[PDB]
Amino acid sequence: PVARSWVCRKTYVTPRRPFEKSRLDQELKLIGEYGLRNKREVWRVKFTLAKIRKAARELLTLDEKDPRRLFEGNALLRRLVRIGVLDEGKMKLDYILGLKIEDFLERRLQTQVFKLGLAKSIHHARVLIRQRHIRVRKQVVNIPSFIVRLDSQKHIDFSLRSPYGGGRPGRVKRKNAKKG
Amino acid sequence: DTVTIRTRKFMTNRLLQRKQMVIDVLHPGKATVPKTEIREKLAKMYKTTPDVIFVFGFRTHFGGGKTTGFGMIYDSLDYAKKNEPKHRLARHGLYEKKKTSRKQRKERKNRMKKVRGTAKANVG
Amino acid sequence: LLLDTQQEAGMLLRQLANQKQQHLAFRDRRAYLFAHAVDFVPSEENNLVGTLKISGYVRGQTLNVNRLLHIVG
Amino acid sequence: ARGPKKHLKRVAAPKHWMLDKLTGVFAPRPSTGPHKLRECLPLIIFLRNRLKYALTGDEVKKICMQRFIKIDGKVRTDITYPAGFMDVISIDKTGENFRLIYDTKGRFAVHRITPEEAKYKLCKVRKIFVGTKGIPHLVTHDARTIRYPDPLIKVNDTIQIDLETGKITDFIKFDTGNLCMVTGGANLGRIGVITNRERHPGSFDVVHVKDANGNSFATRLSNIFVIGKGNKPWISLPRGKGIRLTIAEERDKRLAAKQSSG
RNA sequence: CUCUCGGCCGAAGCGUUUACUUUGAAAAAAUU
RNA sequence: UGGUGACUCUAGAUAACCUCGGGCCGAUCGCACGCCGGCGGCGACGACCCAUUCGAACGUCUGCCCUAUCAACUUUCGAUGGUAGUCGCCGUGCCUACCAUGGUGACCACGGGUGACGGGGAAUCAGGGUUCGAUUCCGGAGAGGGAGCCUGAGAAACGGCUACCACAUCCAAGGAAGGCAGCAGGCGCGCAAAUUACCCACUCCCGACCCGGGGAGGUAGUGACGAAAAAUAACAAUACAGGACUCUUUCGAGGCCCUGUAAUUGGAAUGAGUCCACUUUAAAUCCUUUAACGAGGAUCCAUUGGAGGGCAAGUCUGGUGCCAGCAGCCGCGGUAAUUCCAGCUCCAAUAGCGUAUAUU
RNA sequence: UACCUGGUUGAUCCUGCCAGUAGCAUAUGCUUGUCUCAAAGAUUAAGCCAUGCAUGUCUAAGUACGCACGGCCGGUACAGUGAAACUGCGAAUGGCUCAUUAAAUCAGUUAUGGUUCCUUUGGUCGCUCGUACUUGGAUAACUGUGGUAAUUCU
């Protein structure tokens, strides 16, 4: 015996049909629009939405005054409103079924850095996150698939130690300025 | 200059004769701050000599801001030598470990097991 | 394996002693020999020929004298 | 196996110790003692995991061998000593007395008590027998045997015992209309007034208990501890007064405390 | 659904018995 | 007297017994020392017996895969029951003696099989289901195979002993010593699996014990079993190119974005690496934090499978000529091969992707 | 995500299997920059094992006459630390494996009013009408003499 944990998850599912042109076109459209690395990012977002929809379906079969349904539905709807997918007015258990993949692809730090004008394309956003130029609140965030919470969105900034933030121009600028 | 010492959850252990605390270190440009001047800043903070205080477990967060470790301040150095683990005392040079390996003393133990009487003290 | 010490030398010797031996078939069907010592006595030095005494451990099959002997080179 | 077990894994430990999963392979095996191992606290878990005085089992041993821990008024230095229900823990150097009493979630609360209260405790009598030249004996839940008790004390009653002398001070009879805690089952840690018991001869008696908020429940008779006479208690109570809030009310109280303190 | 003992009620049988259904308490932790 | 739902219970009274292979009724140690020649305060070891805890052990009720090319089985040598005993920690055919003739079975007994340890659980799955569970938690079992025992609270113990069987070691030939299904390691076996490393610092365990010990366990090494995150570029100006807004009958004319080719330019931004130090830790390594160096495509160069259909992606060019080969399946190849071997090009997934097998 | 496509004919509609398709595991091939976790001699052979380690232990409080010690102050019985040894306790836990095993194990559910239990905790321990201001004999360690090729032999 070891004091180690063996619990783990696969965070995506591979589709049933390998070569279906409608799926291929739709997935490449999502990748090119949100600047994702591969199909597995699409499949991961699709897996997360499928799990949320399964939970909502399971809660809708329960009685409208059932305690479990009320409590778990309130938690589920609160979590969906907190990250910025649902809105406060549309916070009902049957409106979870009106959720698309592009709602969840909009809350990514890549998409938010591009939307805030910090980058000049979506691929520029992915690079600039990977370069450690973007902080959220006070923490430097290195992941582009970081889901931005709605309260967290109001201050996404340029990472004081970055060249585009506080200062200290980088390796190339230091080398080129040390020419003459 | 820019290095800051702040103290989170604080306890006075009267049973082990010490003050227990969590230290947050803010050092925005520099590396992880060495333990020695953490002990210096913590000595000026708490008005005690730095030879009775022990700090450990400092993990610098991603990005390069805070560093959180655990610290403790003893009432006296005698209580420190009575309560500290031996490795934290030896990091101050107040203790030394034996240089024999585990293998050497296992083999010596079984070789001594094979003999009887004060001939045990001869073999080794 | 890595070879730096005498303890690792003994470990390597212990490895080489206990191994699955690869058998080469051409060695196995014939009667081969490595020469540990060599002695020469000429029948006629002007002829530059004489009998040669090759001593070593036989390795292959049983060595019969009636069969010829090939020196490799 | 060939004889008694001496080890205990963390996974198979009781869940009310709130132990980790990745700190180790082993949990502190409680000693044999006045309480069952499933329903006690080893002294090491109390003295570092709840009170955070120590950080290792070594520091716990160092605290105990200085003789600063007293359990029921006697100095214990065993770090796995089983300290259980209604149990007074005295630390005289820091001058603080706790009692081990359950929470509503089934877990041993750290309940700080006044040192006047640290002089006595309550005990539920497990059996009564006459023996050895006609002398009556109580056996409580703490494996205390008390010779010469009051003849009105019957089984399942709660005696109050002062710890310095160890003898009976005053008792409460098991009666419908008396305050109780539940010491086992799903209702572990809930306090209410007994409304009914129904008797099943040759089996368990199920005792019905009504809360102060009117939520009725039932347990077995073996899981009932009488606390006070009527509706008032004889001991101090933890922060939640023995009522089990539903998870909706807990969420509401959590959010209200979030909104109040910002 | 009711005759006796105790304070309109508690004890005593219940009712041919079950099967079924609802509740309750018991059902390790890890896993889910 | 007290108690249970119920005693042949607990307590009481009487007459005796009381094992020499014998039962309790203290010839034991430490610390302070102190008061009316004597009394004493804490503690440590003790101890028969009652309870408590940790158990364990025999019982209760229900539940297990395949097989009838297994239909009757059990009882002479206990099979089912009665009576008395013996033995055992206790209840009991557990054994004995004497009796009775029972007990089980198509509601599948008895026999055989199982690539059978059982559960918690795992994979898959609309709903129902099928399959897996040697394997870290709980229970059992066993230490080469049987069998017997000593000691002890507890063992039919195997890092205890005694035999026999099978292996096998040292011998001066008389004798002596063995048990990795612990950790590491080796041989063998195979399609199939790691270091003869460091430490008791953590978790806990044992002991006369705050101190000793622990291949338990922890730490590194190996590690594409498998799971998570995530690089291999981004940008701007020019040159062609589309699609839009305005003005023009139209042609056209522009300042609006977008796009790649750039055998075009350009500086900015970075980690992979090299590497002080701090940090981490029992001591380290790694991660994290940090100085110095570190990027223009001939580099810091992405693979693996495919391109007739199923099934996304060429009727391109050379070779071959029912050959070599491909092709899960339908089929292709016999002189114009969309299928072989290649070159170019495209497609799919991607730090992964093919194949074999079991299984859903 | 409650899903199907190719193939029997001259063509058609069926039955129907074969093949494709997706997962999950075991092996294997080619390839492999970074980082966090992480299974790993189960399957065949519960086959066989060189070497080394895996179980020992002392407090003020069982027994100190090893100058083994710096060392008391000296007729101070025993200052103190203490090897060895005797005594006590533990070695029945943990670890490994899955051969056997089919109402057996095991799981839930109950019984001991049919038993035993080191330890811990509480009680009990002048409840007996019958040399003690302290009994006896040994034996280890140690000194010495040895045996056997050899053993944790004696």
# chains A, B, ... in the order shown; residues from 1 in each chain; ligands from 1
$ residues_around --residues "residue 133 of chain D" --least-positions-apart "5" --cutoff "12 Å" --atoms "only C-alpha atoms (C1' of nucleotides)" --output "ChimeraX atom specification"
/F:1,10-12 /G:127
$ write_last_selection --atoms "N, CA and C atoms (P, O5', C5', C4', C3', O3' and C1' of nucleotides)" --output "PDB file, in the first residue's frame"
ATOM      1  P     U F   1     -35.474 -10.364  51.217  1.00  0.00           P
ATOM      2  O5'   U F   1     -34.534  -9.341  50.440  1.00  0.00           O
ATOM      3  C5'   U F   1     -34.873  -8.858  49.148  1.00  0.00           C
ATOM      4  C4'   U F   1     -33.711  -8.124  48.530  1.00  0.00           C
ATOM      5  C3'   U F   1     -33.885  -7.656  47.094  1.00  0.00           C
ATOM      6  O3'   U F   1     -34.600  -6.438  46.982  1.00  0.00           O
ATOM      7  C1'   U F   1     -31.794  -8.719  47.324  1.00  0.00           C
ATOM      8  P     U F  10     -25.226 -17.269  38.354  1.00  0.00           P
ATOM      9  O5'   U F  10     -25.545 -15.851  39.012  1.00  0.00           O
ATOM     10  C5'   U F  10     -24.928 -14.659  38.540  1.00  0.00           C
ATOM     11  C4'   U F  10     -25.353 -13.444  39.329  1.00  0.00           C
ATOM     12  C3'   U F  10     -25.154 -13.533  40.827  1.00  0.00           C
ATOM     13  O3'   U F  10     -23.826 -13.314  41.236  1.00  0.00           O
ATOM     14  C1'   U F  10     -27.305 -12.700  40.398  1.00  0.00           C
ATOM     15  P     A F  11     -23.231 -14.191  42.430  1.00  0.00           P
ATOM     16  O5'   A F  11     -24.111 -13.779  43.689  1.00  0.00           O
ATOM     17  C5'   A F  11     -23.835 -12.571  44.371  1.00  0.00           C
ATOM     18  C4'   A F  11     -24.951 -12.125  45.285  1.00  0.00           C
ATOM     19  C3'   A F  11     -25.186 -12.969  46.517  1.00  0.00           C
ATOM     20  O3'   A F  11     -24.237 -12.773  47.543  1.00  0.00           O
ATOM     21  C1'   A F  11     -27.246 -12.538  45.513  1.00  0.00           C
ATOM     22  P     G F  12     -23.652 -14.055  48.304  1.00  0.00           P
ATOM     23  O5'   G F  12     -24.884 -14.563  49.167  1.00  0.00           O
ATOM     24  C5'   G F  12     -25.464 -13.711  50.137  1.00  0.00           C
ATOM     25  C4'   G F  12     -26.835 -14.167  50.569  1.00  0.00           C
ATOM     26  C3'   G F  12     -26.894 -15.350  51.506  1.00  0.00           C
ATOM     27  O3'   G F  12     -26.517 -15.036  52.828  1.00  0.00           O
ATOM     28  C1'   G F  12     -28.573 -15.559  49.876  1.00  0.00           C
TER      29        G F  12
ATOM     30  P     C G 127      -9.355  -9.395  56.510  1.00  0.00           P
ATOM     31  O5'   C G 127     -10.733  -8.849  55.944  1.00  0.00           O
ATOM     32  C5'   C G 127     -11.807  -8.577  56.836  1.00  0.00           C
ATOM     33  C4'   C G 127     -13.037  -9.401  56.538  1.00  0.00           C
ATOM     34  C3'   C G 127     -12.791 -10.827  56.068  1.00  0.00           C
ATOM     35  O3'   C G 127     -13.827 -11.670  56.565  1.00  0.00           O
ATOM     36  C1'   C G 127     -13.981  -9.627  54.406  1.00  0.00           C
TER      37        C G 127
END
$ residues_around --residues "residue 37 of chain A" --least-positions-apart "5" --cutoff "12 Å" --atoms "only C-alpha atoms (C1' of nucleotides)" --output "MDAnalysis selection string"
(chainID A and resid 27:28 30:32 42:43 110 122:123 126:127 144:145) or (chainID F and resid 230:232 350)
$ interface_residues --of "chain B" --to "chain D" --cutoff "7 Å" --atoms "only C-alpha atoms" --output "ChimeraX atom specification"
/B:13-16
$ interface_residues --of "chain A" --to "chain F" --cutoff "9 Å" --atoms "only C-alpha atoms (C1' of nucleotides)" --output "list in words"
residues 1, 2, 3, 7, 8, 9, 10, 11, 18, 19, 20, 21, 24, 38, 39, 120, 123, 124, 127, 128, 130, 131, 132, 143, 163, 170, 171, 172 and 173 of chain A
$ write_last_selection --atoms "C-alpha atoms" --output "mmCIF file, in the first residue's frame"
data_model
loop_
_atom_site.group_PDB
_atom_site.id
_atom_site.type_symbol
_atom_site.label_atom_id
_atom_site.label_comp_id
_atom_site.auth_asym_id
_atom_site.auth_seq_id
_atom_site.Cartn_x
_atom_site.Cartn_y
_atom_site.Cartn_z
ATOM 1 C CA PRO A 1 0.000 0.000 0.000
ATOM 2 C CA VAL A 2 0.874 3.604 -0.801
ATOM 3 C CA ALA A 3 -0.543 6.927 0.371
ATOM 4 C CA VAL A 7 -8.767 8.663 -9.016
ATOM 5 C CA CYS A 8 -8.714 10.367 -12.406
ATOM 6 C CA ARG A 9 -10.910 11.317 -15.381
ATOM 7 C CA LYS A 10 -10.864 11.422 -19.119
ATOM 8 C CA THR A 11 -12.100 14.909 -19.951
ATOM 9 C CA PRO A 18 -14.785 9.127 -37.860
ATOM 10 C CA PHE A 19 -15.372 10.793 -41.243
ATOM 11 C CA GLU A 20 -18.634 12.729 -41.341
ATOM 12 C CA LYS A 21 -18.176 15.924 -43.335
ATOM 13 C CA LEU A 24 -15.595 17.914 -39.669
ATOM 14 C CA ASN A 38 -6.888 20.527 -32.147
ATOM 15 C CA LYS A 39 -10.196 18.675 -32.176
ATOM 16 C CA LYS A 120 -4.954 41.760 -31.886
ATOM 17 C CA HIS A 123 -3.986 33.330 -32.031
ATOM 18 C CA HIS A 124 -2.184 36.380 -30.705
ATOM 19 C CA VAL A 127 0.496 33.126 -27.734
ATOM 20 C CA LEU A 128 0.347 36.076 -25.309
ATOM 21 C CA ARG A 130 1.525 31.194 -23.187
ATOM 22 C CA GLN A 131 4.243 33.898 -23.041
ATOM 23 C CA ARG A 132 3.241 34.788 -19.435
ATOM 24 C CA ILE A 143 -3.416 28.528 -19.255
ATOM 25 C CA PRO A 163 7.386 44.039 -21.196
ATOM 26 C CA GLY A 170 13.144 41.391 -23.081
ATOM 27 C CA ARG A 171 15.975 39.278 -24.484
ATOM 28 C CA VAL A 172 15.726 40.522 -28.080
ATOM 29 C CA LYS A 173 15.332 44.209 -27.209
#
$ select_by_dssp --residues "segment 35-92 of chain B" --states "helix (DSSP H, G or I)" --output "list in words"
residues 35, 36, 37, 38, 39, 40, 41, 42, 43, 44, 45, 46, 50, 51, 52, 77, 78, 79, 80, 81, 82, 83, 86, 87, 88, 89 and 90 of chain B
$ closest_residue --among "E:1, E:25, E:19, E:11" --to "chain D" --atoms "only C-alpha atoms (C1' of nucleotides)"
E:25
$ closest_atom_pairs --of "chain D" --to "chain F" --cutoff "8 Å" --atoms "only C-alpha atoms (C1' of nucleotides)" --output "Markdown table"
| residue | atom | partner | partner_atom | distance |
| --- | --- | --- | --- | --- |
| D:2 | CA | F:155 | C1' | 6.1 |
| D:3 | CA | F:154 | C1' | 5.0 |
| D:4 | CA | F:55 | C1' | 6.0 |
| D:5 | CA | F:54 | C1' | 7.8 |
| D:6 | CA | F:205 | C1' | 7.3 |
| D:7 | CA | F:205 | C1' | 6.8 |
| D:11 | CA | F:137 | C1' | 6.7 |
| D:12 | CA | F:137 | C1' | 6.5 |
| D:23 | CA | F:203 | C1' | 6.5 |
| D:24 | CA | F:203 | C1' | 4.3 |
| D:25 | CA | F:203 | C1' | 6.0 |
| D:26 | CA | F:204 | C1' | 5.4 |
| D:27 | CA | F:204 | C1' | 6.7 |
| D:28 | CA | F:204 | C1' | 6.5 |
| D:32 | CA | F:53 | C1' | 4.6 |
| D:33 | CA | F:53 | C1' | 5.0 |
| D:34 | CA | F:52 | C1' | 6.2 |
| D:35 | CA | F:53 | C1' | 6.7 |
| D:36 | CA | F:53 | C1' | 6.4 |
| D:61 | CA | F:210 | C1' | 6.8 |
| D:62 | CA | F:210 | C1' | 5.9 |
| D:65 | CA | F:210 | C1' | 5.9 |
| D:129 | CA | F:10 | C1' | 6.7 |
| D:130 | CA | F:11 | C1' | 6.0 |
| D:131 | CA | F:11 | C1' | 6.0 |
| D:132 | CA | F:11 | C1' | 7.6 |
| D:133 | CA | F:11 | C1' | 7.2 |
| D:134 | CA | F:11 | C1' | 5.5 |
| D:139 | CA | F:51 | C1' | 7.3 |
| D:142 | CA | F:52 | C1' | 7.8 |
| D:143 | CA | F:52 | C1' | 4.8 |
| D:145 | CA | F:51 | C1' | 7.2 |
| D:201 | CA | F:5 | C1' | 5.0 |
| D:202 | CA | F:5 | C1' | 5.8 |
$ residues_around --residues "residue 114 of chain B" --least-positions-apart "2" --cutoff "6 Å" --atoms "only C-alpha atoms (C1' of nucleotides)" --output "PyMOL selection string"
(chain B and resi 111-112) or (chain G and resi 152)
$ closest_atom_pairs --of "chain B" --to "chain F" --cutoff "7 Å" --atoms "only C-alpha atoms (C1' of nucleotides)" --output "Markdown table"
| residue | atom | partner | partner_atom | distance |
| --- | --- | --- | --- | --- |
| B:30 | CA | F:290 | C1' | 6.2 |
| B:31 | CA | F:290 | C1' | 4.2 |
| B:32 | CA | F:289 | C1' | 5.1 |
| B:33 | CA | F:278 | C1' | 6.3 |
| B:34 | CA | F:278 | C1' | 5.7 |
| B:58 | CA | F:279 | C1' | 6.7 |
| B:59 | CA | F:288 | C1' | 6.9 |
| B:60 | CA | F:288 | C1' | 5.6 |
| B:61 | CA | F:288 | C1' | 6.1 |
| B:62 | CA | F:288 | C1' | 5.9 |
| B:64 | CA | F:289 | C1' | 5.7 |
| B:87 | CA | F:282 | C1' | 6.7 |
$ residues_around --residues "residue 140 of chain D" --least-positions-apart "6" --cutoff "6 Å" --atoms "only C-alpha atoms (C1' of nucleotides)" --output "list in words"
residues 123, 124, 125 and 126 of chain D
